[PDB]
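Q: Right, I'll just put the structure down here and ask away after.
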Amino acid sequence: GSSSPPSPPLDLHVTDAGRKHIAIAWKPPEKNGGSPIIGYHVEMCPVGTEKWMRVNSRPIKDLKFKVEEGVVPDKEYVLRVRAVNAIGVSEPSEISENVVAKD
């Protein structure tokens with residue numbers, strides 16, 4: 001009965017990882033808040049820090065993403081995803097399981 005950013009993406013999980021990539025997938029927000037979801041953003045943070053960094057250049061128009069930018073081999077990360085609509089940016093998803101950039 002009002003207009004808001006979307007609720008957060010759901011069910012974020014890691015599908016694959018390597019020394020140079022972390023592949024993730026998620027499910028759409030339960031609610032779009034009153035205007036369609038137009039994109040997703042992925043953030044990455046080395047575990048034990050609060051140094052969240054956006055790892056996509058353009059809005060993601062899919063429910064999966066291969067993270068490559070800024071991945072450091074043998075570092076350990078968590079990820080989170082945000083949804084965007086014409087009102088603004090969602091709070092982030094629940095964070096991912098911990099993932100090491102190794103094979």
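How things are named: the first chain in the structure tokens is A, the next is B, and so on; residues count from 1 in each chain; ligands count from 1 in the order shown.
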Please provide as number ranges by chain all residues within 6 Å of residue 33 in chain A, with the sequence filter that same-chain residues fewer than 4 positions apart are discarded (counting only C-alpha atoms).

A: A: 3-6

Q: Deliver the residues from the most recent selection as a file, using C-alpha atoms, as a PDB file, in the first residue's frame.

A:
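As a result, result.pdb now contains:
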```
ATOM      1  CA  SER A   3       6.328   2.242  -2.507  1.00  0.00           C
ATOM      2  CA  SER A   4       9.644   0.932  -1.147  1.00  0.00           C
ATOM      3  CA  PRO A   5      12.856  -0.691  -2.397  1.00  0.00           C
ATOM      4  CA  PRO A   6      12.549  -4.474  -2.766  1.00  0.00           C
TER       5      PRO A   6
END
```

Q: Pick out the residues sitting within 7 Å of range 66-68 of chain A, and hand them over as a ChimeraX atom specification; count only C-alpha atoms, and ignore anything fewer than 4 positions along from it in its own chain.

A: /A:20-24,55

Q: Suppose we keep N, CA, C and O atoms; can you now write the selection as a short mmCIF file (atom, residue, chain, number, x, y, z; two decimals), in the first residue's frame?

A:
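Writing the result to result-v6.cif gives the following:
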```cif
data_model
loop_
_atom_site.label_atom_id
_atom_site.label_comp_id
_atom_site.auth_asym_id
_atom_site.auth_seq_id
_atom_site.Cartn_x
_atom_site.Cartn_y
_atom_site.Cartn_z
N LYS A 20 40.37 -18.10 -8.72
CA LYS A 20 40.12 -16.81 -9.36
C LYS A 20 38.65 -16.49 -9.56
O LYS A 20 38.34 -15.52 -10.27
N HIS A 21 37.73 -17.28 -9.01
CA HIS A 21 36.33 -16.92 -9.17
C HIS A 21 35.52 -17.53 -8.04
O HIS A 21 35.92 -18.53 -7.44
N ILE A 22 34.38 -16.91 -7.75
CA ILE A 22 33.41 -17.45 -6.83
C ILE A 22 32.07 -17.30 -7.52
O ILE A 22 31.63 -16.18 -7.76
N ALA A 23 31.42 -18.42 -7.83
CA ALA A 23 30.12 -18.38 -8.50
C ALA A 23 28.98 -18.53 -7.50
O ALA A 23 28.99 -19.43 -6.64
N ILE A 24 27.99 -17.66 -7.62
CA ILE A 24 26.90 -17.66 -6.66
C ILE A 24 25.57 -17.65 -7.40
O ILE A 24 25.48 -17.35 -8.59
N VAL A 55 31.30 -6.01 -6.47
CA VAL A 55 32.12 -6.76 -7.42
C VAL A 55 31.51 -6.84 -8.81
O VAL A 55 32.17 -7.38 -9.72
#
```

Q: I need the residue nearest residue 80 in chain A from this list: A:42, A:14, A:25, A:53. Use only C-alpha atoms for the distance.

A: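 Distance minimum relative to residue 80 in chain A lands on A:42.
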
Q: Sort by chain and increasing residue number a table of all residues of range 7-57 of chain A within 10 Å of range 90-95 of chain A, each with its closest pair of atoms and their distance in Å to one decimal, counting only C-alpha atoms, and write it as CSV.

A:
```
residue,atom,partner,partner_atom,distance
A:7,CA,A:90,CA,5.7
A:8,CA,A:93,CA,4.9
A:9,CA,A:93,CA,5.0
A:10,CA,A:93,CA,6.0
A:11,CA,A:94,CA,7.8
A:12,CA,A:93,CA,7.1
A:13,CA,A:95,CA,8.6
A:26,CA,A:93,CA,9.0
A:27,CA,A:93,CA,9.8
A:29,CA,A:93,CA,8.8
A:32,CA,A:90,CA,9.2
A:33,CA,A:90,CA,9.3
A:37,CA,A:90,CA,9.8
A:40,CA,A:90,CA,9.3
A:41,CA,A:92,CA,9.1
A:42,CA,A:92,CA,8.9
A:43,CA,A:92,CA,8.9
A:44,CA,A:95,CA,9.4
A:45,CA,A:95,CA,9.8
```

Q: Using DSSP secondary structure from the backbone, list all strand (DSSP E) positions within chain A, as a CSV table (one decimal) with N, CA and C atoms, in the first residue's frame.

A:
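Saved to selection_2.csv:
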```csv
chain,number,residue,atom,x,y,z
A,10,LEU,N,16.9,-13.8,-1.7
A,10,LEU,CA,16.8,-14.9,-0.9
A,10,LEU,C,17.7,-16.1,-1.3
A,11,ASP,N,17.9,-16.9,-0.4
A,11,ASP,CA,18.6,-18.2,-0.6
A,11,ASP,C,19.9,-18.1,-1.4
A,12,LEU,N,20.8,-17.1,-1.0
A,12,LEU,CA,22.1,-17.0,-1.6
A,12,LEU,C,22.9,-18.2,-1.3
A,13,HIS,N,23.6,-18.7,-2.3
A,13,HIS,CA,24.5,-19.8,-2.0
A,13,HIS,C,25.6,-19.8,-3.0
A,14,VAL,N,26.7,-20.4,-2.7
A,14,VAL,CA,27.9,-20.6,-3.6
A,14,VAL,C,27.7,-21.8,-4.4
A,15,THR,N,27.9,-21.7,-5.7
A,15,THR,CA,27.7,-22.8,-6.6
A,15,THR,C,29.0,-23.4,-7.0
A,16,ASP,N,30.1,-22.6,-7.0
A,16,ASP,CA,31.4,-23.1,-7.5
A,16,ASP,C,32.4,-22.0,-7.1
A,17,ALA,N,33.7,-22.5,-6.9
A,17,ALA,CA,34.7,-21.6,-6.5
A,17,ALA,C,36.0,-22.1,-7.1
A,18,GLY,N,37.0,-21.1,-7.3
A,18,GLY,CA,38.3,-21.4,-7.7
A,18,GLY,C,39.3,-20.4,-7.2
A,21,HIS,N,37.7,-17.3,-9.0
A,21,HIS,CA,36.3,-16.9,-9.2
A,21,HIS,C,35.5,-17.5,-8.0
A,22,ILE,N,34.4,-16.9,-7.8
A,22,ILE,CA,33.4,-17.4,-6.8
A,22,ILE,C,32.1,-17.3,-7.5
A,23,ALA,N,31.4,-18.4,-7.8
A,23,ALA,CA,30.1,-18.4,-8.5
A,23,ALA,C,29.0,-18.5,-7.5
A,24,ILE,N,28.0,-17.7,-7.6
A,24,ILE,CA,26.9,-17.7,-6.7
A,24,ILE,C,25.6,-17.7,-7.4
A,25,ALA,N,24.5,-18.0,-6.6
A,25,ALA,CA,23.2,-17.9,-7.1
A,25,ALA,C,22.2,-17.5,-6.0
A,26,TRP,N,21.1,-17.0,-6.4
A,26,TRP,CA,20.1,-16.6,-5.4
A,26,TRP,C,18.7,-16.7,-6.0
A,27,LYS,N,17.7,-16.3,-5.1
A,27,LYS,CA,16.3,-16.3,-5.5
A,27,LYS,C,15.8,-14.9,-5.4
A,39,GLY,N,17.5,-5.0,-11.2
A,39,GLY,CA,18.9,-5.4,-11.2
A,39,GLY,C,19.3,-5.9,-9.8
A,40,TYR,N,20.4,-6.6,-9.8
A,40,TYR,CA,21.0,-7.0,-8.6
A,40,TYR,C,22.5,-6.6,-8.5
A,41,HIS,N,23.0,-6.4,-7.3
A,41,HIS,CA,24.4,-6.1,-7.1
A,41,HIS,C,24.9,-7.1,-6.1
A,42,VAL,N,26.2,-7.5,-6.3
A,42,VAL,CA,26.9,-8.4,-5.5
A,42,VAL,C,28.0,-7.7,-4.7
A,43,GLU,N,28.1,-7.9,-3.4
A,43,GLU,CA,29.2,-7.5,-2.6
A,43,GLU,C,29.9,-8.7,-2.0
A,44,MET,N,31.2,-8.5,-1.8
A,44,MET,CA,32.2,-9.5,-1.2
A,44,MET,C,33.0,-8.8,-0.1
A,45,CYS,N,33.2,-9.6,0.9
A,45,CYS,CA,33.9,-9.2,2.1
A,45,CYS,C,34.9,-10.3,2.7
A,46,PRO,N,36.2,-10.0,2.8
A,46,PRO,CA,37.0,-11.0,3.5
A,46,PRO,C,36.6,-11.3,4.9
A,53,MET,N,32.8,-4.9,-0.6
A,53,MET,CA,33.2,-4.2,-1.9
A,53,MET,C,32.3,-4.7,-3.0
A,54,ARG,N,31.7,-3.8,-3.8
A,54,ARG,CA,30.8,-4.2,-4.9
A,54,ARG,C,31.7,-4.8,-6.0
A,64,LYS,N,22.2,-15.3,-10.9
A,64,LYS,CA,23.5,-15.9,-10.7
A,64,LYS,C,24.5,-14.9,-11.1
A,65,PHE,N,25.8,-15.1,-10.6
A,65,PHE,CA,26.9,-14.3,-11.0
A,65,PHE,C,28.2,-15.0,-10.7
A,66,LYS,N,29.1,-14.8,-11.6
A,66,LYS,CA,30.5,-15.3,-11.5
A,66,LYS,C,31.4,-14.2,-11.0
A,67,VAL,N,31.7,-14.1,-9.7
A,67,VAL,CA,32.5,-13.1,-9.1
A,67,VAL,C,34.0,-13.3,-9.5
A,76,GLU,N,39.5,-15.9,2.1
A,76,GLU,CA,38.3,-16.5,2.6
A,76,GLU,C,37.2,-15.3,2.7
A,77,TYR,N,36.1,-15.5,2.1
A,77,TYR,CA,35.1,-14.5,1.8
A,77,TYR,C,33.7,-14.9,2.3
A,78,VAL,N,32.9,-13.9,2.5
A,78,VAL,CA,31.4,-14.1,2.5
A,78,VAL,C,30.9,-13.1,1.4
A,79,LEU,N,29.7,-13.4,0.9
A,79,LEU,CA,29.1,-12.5,-0.1
A,79,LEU,C,27.7,-12.2,0.3
A,80,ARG,N,27.1,-11.2,-0.3
A,80,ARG,CA,25.7,-10.8,-0.1
A,80,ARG,C,25.3,-10.1,-1.4
A,81,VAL,N,23.9,-10.1,-1.6
A,81,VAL,CA,23.3,-9.6,-2.8
A,81,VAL,C,22.3,-8.6,-2.5
A,82,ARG,N,22.2,-7.5,-3.2
A,82,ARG,CA,21.1,-6.5,-3.1
A,82,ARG,C,20.3,-6.5,-4.3
A,83,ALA,N,19.0,-6.0,-4.2
A,83,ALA,CA,18.1,-5.9,-5.3
A,83,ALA,C,17.8,-4.4,-5.4
A,84,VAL,N,17.5,-4.0,-6.7
A,84,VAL,CA,17.3,-2.6,-6.9
A,84,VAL,C,16.0,-2.4,-7.7
A,99,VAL,N,33.5,-18.9,2.0
A,99,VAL,CA,34.1,-19.6,0.8
A,99,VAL,C,35.5,-19.2,0.6
A,100,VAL,N,36.4,-20.1,0.5
A,100,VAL,CA,37.8,-19.9,0.2
A,100,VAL,C,38.0,-19.9,-1.3
```

Q: Just give me the gap between CA of residue 49 in chain A and CA of residue 19 in chain A in Å, one decimal is fine.

A: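 Spanning CA of residue 49 in chain A to CA of residue 19 in chain A is a straight-line distance of 20.1 Å.
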
Q: Would you mind reading off the distance between CA of residue 34 in chain A and CA of residue 86 in chain A, one decimal, in Å?

A: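 Those two atoms sit 9.1 Å apart.
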
Q: Please indicate the distance in Å from CA of residue 101 in chain A to CA of residue 75 in chain A, rounded to one decimal place.

A: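 Interatomic distance, CA of residue 101 in chain A to CA of residue 75 in chain A: 5.7 Å.
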
Q: Nearest to residue 60 in chain A: which of A:38, A:48, A:96, A:73 is it, counting only C-alpha atoms?

A: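 Comparing A:38, A:48, A:96, A:73 against residue 60 in chain A, the winner is A:38.
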
Q: Rank A:28, A:50, A:71, A:35 by their smallest atom-to-atom distance to residue 102 in chain A, using only C-alpha atoms, and report the top residue only.

A: A:71
